[PDB]
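Participant: Structure provided below as structure tokens; questions to follow.
Reconstructed Cβ throughout: ideal geometry from the backbone, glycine too, with neighbour counts over all protein chains shown. What follows is calculated from the coordinates using simple rules that are stated; it is not laboratory data.
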Amino acid sequence: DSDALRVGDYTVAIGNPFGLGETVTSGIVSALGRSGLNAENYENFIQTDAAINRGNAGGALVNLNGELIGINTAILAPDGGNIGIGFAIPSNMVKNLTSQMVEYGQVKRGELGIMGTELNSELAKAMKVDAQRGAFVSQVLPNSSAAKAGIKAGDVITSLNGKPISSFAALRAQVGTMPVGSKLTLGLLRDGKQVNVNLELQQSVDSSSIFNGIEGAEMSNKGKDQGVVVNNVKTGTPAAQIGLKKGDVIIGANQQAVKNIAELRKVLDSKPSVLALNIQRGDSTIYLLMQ
Amino acid sequence: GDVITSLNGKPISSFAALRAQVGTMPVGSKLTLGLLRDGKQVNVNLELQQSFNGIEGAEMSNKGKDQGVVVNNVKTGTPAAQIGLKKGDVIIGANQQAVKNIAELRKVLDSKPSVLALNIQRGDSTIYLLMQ
Amino acid sequence: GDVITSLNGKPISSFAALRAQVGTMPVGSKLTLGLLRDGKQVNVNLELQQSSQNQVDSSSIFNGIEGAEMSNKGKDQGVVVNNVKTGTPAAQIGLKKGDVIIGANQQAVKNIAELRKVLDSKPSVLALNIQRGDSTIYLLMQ
Amino acid sequence: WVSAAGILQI
Amino acid sequence: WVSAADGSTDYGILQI
Amino acid sequence: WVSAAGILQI
């Protein structure tokens with residue numbers, strides 16, 4: 001259980017550096033809940049001074065009892081050589097992520113539906129809050145699990161399932177690995193009062209998700225099998241470079257009728273050299289060509 | 001297409017001169033210009049200009065009776081919209097202090113906090129905006 | 001979704017060729033096209049019209065100022081600018097798409113003929129009285 | 001820097 | 001030169 | 001290349 005890890009605990013790394021072969025190195029837990037290497041990724045890193053280099057990735061980080069505590073992922077090195085700063089993904093996050101892949105082949109990503117940021121000492125002063133660290137709730141989305149739970153903005157999350165929270169970024173990573181419908185409990189702090197709440201993860205689009213490389217255009221289904229309407233378009237993007245504009249409604253592609261995103265994706269699965277979209281702007285019917 | 005020929009009676013040597021003249025006059029200075037449009041002499045009275053309460057490039061006012069500080073209209077290029085602020089928002093409070101009007105709002109800003117946390121409300125939702 | 005195959009009987013090599021063909025024909029020219037829709041041969045009678053947009057380049061009127069297309073606007077409502085290219089002699093003087101030339105050198109301008117009429121005078125400096133949005137401005141040349 | 005071997009939403 | 005102690009030729013457009 | 005001596009509109 002990676003949640004029992006404490007800075008100071010001894011760690012042992014096992015991997016294949018430079019293809020030399022199974023190589024074992026040792027160290028200690030430098031720090032926990034490290035993140036920021038890639039703001040878009042779910043990262044709650046364990047940091048260790050245990051030697052890790054090119055090849056160790058996917059390797060095991062274990063404690064003195066040989067139990068897996070994390071998976072060595074990246075290092076901070078200006079020269080491409082270890083300098084005593086390595087990061088590993090906590091065993092718990094792996095436990096959660098793999099168990100899903102085993103069953104679904106992917107991860108059912110759920111959310112609480114809350115906006116927020118890191119609670120620093122400055123922000124604590126303004127909000128008359130005691131804790132100098134945690135998740136500060138900017139706002140709660142309507143019809144979200146959190147809303148239903150009774151979470152209000154200006155709240156500070158301090159714990160998750162009993163385990164204290166290092167930061168907002170950590171909490172994001174925690175729940176970011178849990179399967180949809182997972183029942184969990186949060187420790188909140190509003191007006192210097194401790195609160196406990198029971199939650200349950202819920203379900204939670206861009207054009208890059210369907211064309212694999214075409215960004216700057218959001219789109220979704222239209223009514224009931226009326227095609228794929230484009231919600232919004234950004235300027236200076238790969239999508240608008242082919243003509244695409246917000247308000248268009250994709251009727252079909254390559255002589256195949258398109259009622260929803262599933263049918264559209266089924267034409268792309270065929271992987272044709274050139275894609276011909278039969279969209280409709282206002283009263284007119286037009287075509288858009290790709291490749 | 002107009003041609004300015006005088007300033008407060010005194011003839012104009014050039015555009016560069018006119019620029020320097022008024023460029024030294026204080027805001028609100030009322031002056032008179034002599035124009036020439038279509039070969040016709042024209043005279044005009046002017047008053048210099050700058051480039052409720054407004055804070056940080058954001059213009060706001062009071063709402064009803066002590067119902068907070070509602071946002072009337074915002075500028076996009078300004079730092080106001082750079083922190084999220086949109087038109088229609090209603091500041092209920094800031095930094096755990098209740099805001100009924102621009103007077104109570106300013107009374108929090110007089111404290112000069114390192115960070116400013118606004119408790120505004122858009123629609124039937126309650127959000128926060130942070131500064132600094 | 002139609003495919004044009006012939007022009008006035010003569011087969012079509014490419015879209016680019018067709019474009020060039022008709023691009024040289026005078027307005028109102030009556031021509032016929034050979035279409036192909038649903039594996040079905042179609043014939044149609046056409047007549048070239050007055051292009052509302054992108055009607056005329058600027059180098060054709062200023063003899064040396066490229067990167068800006070413009071045409072007449074509605075009914076003697078001036079010369080509107082259809083499109084402007086970046087890094088061109090035109091935009092170098094300020095000209096931007098959406099502008100509508102009302103007059104030049106204190107002479108009213110209703111259409112391209114009137115405008116060209118002022119240029120025939122060949123003045124040392126040209127002062128265009130265009131209008132962007134609800135504002136009226138001027139653009140100077142030379 | 002790092003190498004492989006704003007309000008956020010939760 | 002001086003030291004501390006297209007369009008009309010006379011100037012680009014300045015703001016007053 | 002060539003030297004002197006996208007949906008297009010027709």
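Participant: Test of understanding: ordering A:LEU123, C:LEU126 by Cβ neighbours within 10 Å, fewest first, what list do you get?
Facilitator: C:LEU126, A:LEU123
Participant: Order these by the 10 Å Cβ neighbour count, fewest first: C:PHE62, B:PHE52, A:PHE45.
Facilitator: Fewest to most other Cβ atoms nearby, the residues stand as B:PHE52, C:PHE62, A:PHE45.
Participant: What distance in nm lies between label points placed 7 Å from Cα along the C-beta direction at C:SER59 and B:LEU35?
Facilitator: In this crude spin-label approximation the distance works out to 3.9 nm.
Participant: Related question: Cross-link partners among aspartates and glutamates for A:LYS193, C-alpha distance below 15 Å, same-chain residues fewer than 8 apart left out?
Facilitator: A:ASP130, A:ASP155
Participant: While we're on this one: Sorted from fewest to most neighbouring beta carbons within 10 Å, what does the list C:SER58, A:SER99, A:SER273 look like?
Facilitator: Lowest count first: A:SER273, A:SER99, C:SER58.
Participant: Return the subset of B:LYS10/B:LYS30; A:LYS234/B:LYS75; B:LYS86/B:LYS112; C:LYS73/C:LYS96; A:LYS148/B:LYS75 for which the Cα-Cα distance in this structure is over 25 Å, preserving the input order.
Facilitator: Correct reply: A:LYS148/B:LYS75.
Participant: Looking only at the stretch A:58-79, which residues have a backbone nitrogen under 19 Å from a spot 7 Å from the Cα of A:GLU22 in the C-beta direction?
Facilitator: A:58-72
Participant: Can I ask one more? Tell me, what ³J(HN,Hα) does each residue in the stretch A:39-51 have, in order and in whole Hz, if you take phi through Karplus 6.51 cos²θ - 1.76 cosθ + 1.60 with θ = phi - 60° and put x for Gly and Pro?
Facilitator: The phi angles translate into 4, 8, 7, 7, 10, 10, 4, 8, 9, 9, 8, 5, 4 Hz.
Participant: Let's test the formula: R0 of 51 Å, r as the Cβ-Cβ distance of B:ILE4 and B:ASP66. What FRET efficiency results, to the nearest 0.05?
Facilitator: Using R0 = 51 Å, I get an efficiency of 0.55.
Participant: Would you list, by chain and number, the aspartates and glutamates whose Cα falls below 18 Å from the Cα of C:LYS122, excluding same-chain residues fewer than 8 positions away?
Facilitator: Reachable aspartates and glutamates: C:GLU114, E:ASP6.
Participant: Rounded to the nearest 500 deg cm²/dmol, what is the calculated helix-only ellipticity per residue at 222 nm for the protein assembly as shown, with -39500 (n - 2.57) per DSSP H run of length n ≥ 4?
Facilitator: The helix-only estimate for the protein assembly as shown comes to -4000 deg cm²/dmol at 222 nm.
Participant: Something else now. Going by the alpha-carbon gyration tensor, a ≥ b ≥ c the square roots of its eigenvalues, is the stretch A:76-200 rounded (a/c under 1.5) or, if a/c is not under 1.5, prolate (a/b greater than b/c) versus oblate?
Facilitator: Oblate is the answer for the stretch A:76-200, as a/c is 1.5 or above yet b/c matches or exceeds a/b.
Participant: Give the shape of the stretch A:210-291 as rounded, prolate or oblate, defined through the alpha-carbon gyration tensor: a ≥ b ≥ c are the square roots of its eigenvalues, a/c under 1.5 means rounded, and otherwise the shape is prolate if a/b is larger than b/c and oblate if not.
Facilitator: Because its axes are fairly even, with a/c under 1.5, the stretch A:210-291 counts as rounded.
Participant: Same structure again: In whole angstrom, note down how far apart the Cα centers of the stretch C:67-126 and the stretch A:213-291 are.
Facilitator: Between the Cα centres of the stretch C:67-126 and the stretch A:213-291 lies a distance of 39 Å.
Participant: Can you give the FRET efficiency to the nearest 0.05 for E:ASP6 and C:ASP76, using r as the Cβ-Cβ distance and R₀ = 25 Å?
Facilitator: 0.30
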